[PDB]
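J.: These protein sequences, in sequence, are chains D4 and B.
According to the authors' numbering, the first sequence holds residues 1 to 37, 47 to 437 in order.
Using the authors' numbering, the first residue of the second sequence is number 204, and each one after it goes up by one.
Even for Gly, the Cβ is constructed at its ideal location relative to N, Cα and C.
First the structure, then my questions, so here it is.
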Amino acid sequence: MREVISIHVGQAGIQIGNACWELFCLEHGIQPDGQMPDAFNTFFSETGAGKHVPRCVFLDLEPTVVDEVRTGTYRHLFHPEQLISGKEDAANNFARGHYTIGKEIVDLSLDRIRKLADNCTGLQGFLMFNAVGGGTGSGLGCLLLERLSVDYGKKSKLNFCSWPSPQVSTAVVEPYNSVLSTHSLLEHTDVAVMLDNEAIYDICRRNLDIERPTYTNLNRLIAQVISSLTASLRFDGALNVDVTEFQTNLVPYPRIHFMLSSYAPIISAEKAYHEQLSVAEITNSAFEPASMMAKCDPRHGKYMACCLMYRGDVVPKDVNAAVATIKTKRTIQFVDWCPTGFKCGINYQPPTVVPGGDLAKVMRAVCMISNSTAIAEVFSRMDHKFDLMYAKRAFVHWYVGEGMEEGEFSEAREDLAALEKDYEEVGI
Amino acid sequence: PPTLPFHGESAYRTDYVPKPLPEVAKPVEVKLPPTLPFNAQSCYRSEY
Ligand SMILES: Nc1nc2c(ncn2[C@@H]2O[C@H](COP(=O)(O)OP(=O)(O)OP(=O)(O)O)[C@@H](O)[C@H]2O)c(=O)[nH]1
Ligand SMILES: [Mg+2]
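Put into C-alpha cells, the structure is as follows:
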C-alpha cells in the first residue's frame, strides 16, 4: 500500500531521475522493458502481464533532454506520456517558468500526477527533484509545489534541491533564481534537502579517485542516497523509518526544515578491500566535514537533529555503540535543547552496485541526513551574490519583461533574511 | 571534397546501457531447536 510518486523537473531533475530509475530497476529486478524474470509498489505499479511501469512524472520545457529518454534504452519502461515535454525553454529565467510559457505544461503534468495517485492505495510522499538556480527547475518547480499543496493537502512533499555551488555556478542569473526559489522551498516544501554540485565533486575526487567526473557520476551517488532513504519503505528492517517518521525526528520547527545528506561507504573498487567497512568506520566517515553533500562545514554550526540510515548487515549494537562514540566526539556540537539527536534506522537489504558504475560492492551503508545551524552560511553566501547584482538592477528588465512584478525580488530577499534570523536564534 | 564519417554517441546512450541484472535467489534457512522433554512433577504427586 505504501507508495511514493517521484516528480523530476528540469534538465538536472530528469538526469538525476535517469540514474535513480536505472538503479531502482536494477535493484528490484525490473528489466528495461518492464518485465521481471510485492516489494515494488513504492516505486512501480503492475499492469497485469508481469509489466512494471515506473511511478515518475518527468518535466521539462525543452524537448531535448526528455527526447533523449524516450529514444534511449529506457523508452518502453516508462509510460510514453509520463515524459512530459514542452516546446521552448524558460532560458534560465524564473519568471519565464512561472508567469509565462510554463503555464500550459502545468495542467497536463497535474493531470498525470492525479492519474498516478488515484491508482495507489495510500500515498506517503511526493518525492520531487529540482535544479534551483535555473529556469524550469526553479520557475516551474515553484508553481508545481504551490499547486501540489493546494490540491493535495498535507501529503508531505519531499525535495532534493540542486542548489548552486557557493563559489562556482555556470551562470550569472543563478543568484536570482535561487533567491526567487526560497518562496517555494520554504513554505511549500517539508523535506528541503540541500545538495550542491561542488561538494559531490570533492567527494568523487577524494574518495573515488575520479579527478574528472561527469554529471552521470554525480547522479549515481545521489541515487544511492535516495534508495537508502526509501530502503525501509521497500525492504524489511530491524528499525523502519518511513516518511512520517522523518518529519517528526528531524524537523523541530516548520520553517527550519533544511537538511544535508552524506552517504559514506563511498569507496572505490581498488580501495574497498583494504579496510573493513565496519559500522563504526562508515559512520566516522559519515560525520567528516568533507563528505557532506553541500559545501557547508558542520563544525562552525550546531547539530539539532540527525537521521542515520544504516543499511546492510548492520547489527543494532554497532549502531548504538557508534552513536555513543560520536556523542563523545567534541568536534561536533549538539544544541542544548537536544539531549538525544540520533534517530537511527536499519534495513537488512545491502546497497546494490550498478555494473559498470563508479562504486563498489559494500556490505554496509550509512545515509546521514541532518539539520544544523550551519546551513545559514549557505543562504547567506548567495545573499552576497544577490545584493552585488541587484544593487543597480542587473538582469531585472528581462524578468519584468514577461510579467514579474518589479519588487518580487525584494520580498524574496526578506524571505531569505527571515530564515537567516531564524537559524541564528535556534542556536543560542 | 571528401565527407568525414560521423563519430558521435550521446552521454545517455554511452553510460545508460542495459546492465546485467543482479543474481538474487538466496533464502535464509532457519532451523528450529527441538522441544525439550517435560521433566516437571507436582509435589502432591511426588510425595503423596
Ligand atoms: N546534480 C546535477 N546537477 C546538474 C546536472 N546538470 C546540470 N546541473 C546543474 O543545474 C544547474 C542549472 O540548471 P539546469 O541544468 O540548466 O536545469 P534547470 O535549472 O531546470 O534549467 P533549464 O535549463 O531551464 O532546464 C547548473 O548549475 C548545474 O550545476 C546534472 O546532471 N546533475
Ligand atoms: Mg533547460
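Between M413 (chain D4) and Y108 (chain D4), what straight-line distance do the alpha-carbon atoms span, to the nearest angstrom?
T.: Cα to Cα, the separation comes out at about 7 Å.
J.: Please confirm if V220 (chain B) has its CB atom under 8 Å from at least one CB of chain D4.
T.: Yes, contact with chain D4.
J.: Using a Cβ-Cβ distance cut-off of 8 Å, determine whether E414 (chain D4) contacts chain B.
T.: Cβ-Cβ to chain B under 8 Å: no for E414 (chain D4).
J.: Quick check: does the Cβ of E71 (chain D4) come within less than 7 Å of any heavy atom belonging to ligand 2?
T.: Within the cutoff, so yes.
J.: CA-CA distance, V362 (chain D4) and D306 (chain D4)?
T.: C-alpha separation (whole angstroms): 29 Å.
J.: So, at 6 Å on beta carbons, what are the nonlocal neighbours of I219 (chain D4) in its own chain, with the 5 sequence-adjacent residues on each side left out?
T.: Once the five neighbours on either side are set aside, the close Cβ partners of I219 (chain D4) are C213.
J.: Which chain B residues are close to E77 (chain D4), counting only those with a beta carbon under 7 Å from its beta carbon?
T.: Under the 7 Å cutoff, chain B gives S213, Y215.
J.: Closer than 7 Å by beta-carbon distance: list the chain B residues that pair up with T225 (chain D4), in chain order.
T.: The contacting residues are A214, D218.
J.: Considering only their Cβ atoms, is the gap separating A273 (chain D4) from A295 (chain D4) smaller than 8 Å?
T.: Yes, the Cβ-Cβ distance between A295 (chain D4) and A273 (chain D4) is below 8 Å.
J.: Just list the residues that DSSP pairs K352 (chain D4) with in beta bridges.
T.: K352 (chain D4) is bridged to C316 (chain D4).
J.: Alpha carbon to alpha carbon, how far is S6 (chain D4) from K430 (chain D4)? Give it in angstroms, no decimals.
T.: The straight-line gap from Cα to Cα measures roughly 32 Å.
J.: Along the chain, where does the beta strand (DSSP E) that runs through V159 (chain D4) open and close?
T.: Run containing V159 (chain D4): none in the beta strand (DSSP E); it sits in the alpha helix (DSSP H), 150-160.
J.: Are there any heavy atoms of ligand 2 lying less than 7 Å away from the beta-carbon of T109 (chain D4), as far as the coordinates show?
T.: Result no, Cβ not under 7 Å from ligand 2.
J.: Cα separation between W407 (chain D4) and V202 (chain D4)?
T.: Whole-angstrom Cα-Cα distance: 30 Å.
J.: What is the residue span of the alpha helix (DSSP H) that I275 (chain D4) lies within?
T.: Segment: none, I275 (chain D4) is in no alpha helix (DSSP H) and carries neither H nor E.
J.: May I ask you to check if the CB of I16 (chain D4) is nearer than 7 Å to at least one heavy atom of ligand 1?
T.: Within the cutoff, so yes.
J.: Output yes if chain B places a C-beta closer than 8 Å to the C-beta of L217 (chain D4); else output no.
T.: Chain B contact via Cβ: absent.
J.: Can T340 (chain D4) and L317 (chain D4) be called in contact, C-beta distance under 8 Å?
T.: Not a contact, by the Cβ cut-off of 8 Å.
J.: Along chain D4, in chain order, which residues have C-beta atoms closer than 7 Å to that of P230 (chain B)?
T.: By Cβ distance, chain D4 contributes nothing, its closest Cβ being about 13 Å from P230 (chain B), past 7 Å.
J.: By DSSP's criteria, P63 (chain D4) is part of a beta bridge. Which residues make up the other side?
T.: Paired residues: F53 (chain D4).
J.: Using only the alpha-carbon positions, how far apart do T253 (chain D4) and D396 (chain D4) sit?
T.: Looking at the two C-alpha atoms, the distance is approximately 38 Å.
J.: Shorter than 8 Å from the beta carbon of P240 (chain B) to some beta carbon of chain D4?
T.: Cβ-Cβ to chain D4 under 8 Å: no for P240 (chain B).
J.: Could you tell me the alpha carbon to alpha carbon distance between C25 (chain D4) and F244 (chain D4), rounded to whole angstroms?
T.: Distance between the alpha carbons of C25 (chain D4) and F244 (chain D4): 14 Å.
J.: Nearest by alpha-carbon distance to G150 (chain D4): which of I265 (chain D4), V234 (chain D4), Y312 (chain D4), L70 (chain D4) is it?
T.: Nearest option by C-alpha distance: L70 (chain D4).
J.: Under 7 Å Cβ-Cβ, which residues of chain B neighbour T361 (chain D4)?
T.: The contacting residues are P225.
J.: Ignoring anything shorter than 4 residues or poking outside the stretch 233-314 of chain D4, list the alpha helix (DSSP H) runs there in chain order.
T.: Runs found: 252-258, 288-293.
J.: Within 8 Å (strictly less), CB to CB, does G246 (chain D4) reach chain B?
T.: Output row for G246 (chain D4): interface = no.
J.: Does the Cβ-Cβ distance between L428 (chain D4) and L195 (chain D4) come in under 8 Å?
T.: In contact: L428 (chain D4) and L195 (chain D4) (Cβ atoms closer than 8 Å).
J.: What do you reckon, is the C-beta of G10 (chain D4) under 7 Å from a heavy atom of ligand 1?
T.: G10 (chain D4) Cβ: within cutoff of ligand 1.
J.: State yes or no: is the C-beta of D98 (chain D4) nearer than 7 Å to some heavy atom of ligand 2?
T.: Checking the Cβ of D98 (chain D4) against ligand 2 gives yes.
J.: Determine which residues share a DSSP beta bridge with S381 (chain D4) and list them.
T.: In the DSSP output, where bridge partners are listed per residue, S381 (chain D4) has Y312 (chain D4).
J.: Helix, strand or coil: which one does DSSP assign to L117 (chain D4)?
T.: Here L117 (chain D4) sits in helix by DSSP.
J.: Please state if the CB of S171 (chain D4) and the CB of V141 (chain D4) are separated by a distance shorter than 8 Å.
T.: Cβ distance < 8 Å, so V141 (chain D4) and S171 (chain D4) count as in contact.
J.: Quick check: what's the CA-CA separation for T225 (chain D4) versus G211 (chain B)?
T.: When rounded, the distance between both Cα atoms is 18 Å.
J.: Could you tell me how far apart the beta carbons of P63 (chain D4) and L86 (chain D4) are, in whole angstroms, since I believe they sit closer than 8 Å?
T.: 6 Å between Cβ atoms; contact.
J.: Given a limit of 7 Å on CB to CB distance, which residues of the stretch 17-30 of chain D4 reach chain B?
T.: Listed in sequence order: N18, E22, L26, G29.
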